[PDB]
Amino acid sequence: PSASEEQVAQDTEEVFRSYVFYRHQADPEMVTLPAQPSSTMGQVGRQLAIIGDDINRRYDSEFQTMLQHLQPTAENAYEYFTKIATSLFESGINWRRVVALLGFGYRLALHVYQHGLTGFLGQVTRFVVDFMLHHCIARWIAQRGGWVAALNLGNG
């Protein structure tokens, strides 16, 4: 329902913040220990970092190259995020692309901090939370069992 969709969207901050910490293992805001690491959503983000490292290296390389060609700053990051994220889902939603979105967010926050020296992980967290809510992705996850479904995506 609308409620379960909203619930997934409310859980995304914790998932993404855990995902980033485990994916990152120089950018200090990614080294900060995650809040509530052993919470269910913390564990979801941990698992998404594993499966992304296993199966999403092609997307990772793509986003690294895109951001090298772009050279986003805090001032234009939102415009690039929106167009790239939107294009990622134009042919539909699947778990591969949900993981890819998180990875794009990680790379965007990393690039912006490393070049402009202003914190940006919190801003990208909001970009990702809002994007999933506004582009039927939280709804799609809710229809498949909520974020806990990401504890059983296929990694061993």
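So that there is no doubt, residue numbering starts at 1 and follows the sequence shown.
**Student:** Please count the deposited residues lying between residue 25 and residue 26 that the model leaves without coordinates, and give the class: none, 1 to 3, 4 to 9, or 10 or more.
**Tutor:** Missing residues, residue 25 to residue 26: 10 or more.
**Student:** Got a sec? Mean C-alpha B-factor, which is higher, 63-71 or 41-49?
**Tutor:** Between 41-49 and 63-71, it is 63-71.
**Student:** For the stretches 103-111 and 85-93, which has the higher mean C-alpha B-factor as given in the deposited record?
**Tutor:** Higher mean C-alpha B-factor in the PDB entry: 85-93.
**Student:** Out of 98, 117, 55, 129, which residue has the highest Cα temperature factor in the PDB record?
**Tutor:** 117 has the highest C-alpha B-factor of those listed.
**Student:** Would the CA B-factor of residue 17 place it in the lowest, middle or highest third of its chain?
**Tutor:** It belongs to the middle third of the chain when residues are ordered by C-alpha B-factor.
**Student:** Against its chain's modelled residues, does residue 121's Cα B factor rank lowest, middle or highest third?
**Tutor:** For residue 121, whose C-alpha B-factor we compare with every modelled residue in the chain, the answer is the middle third.
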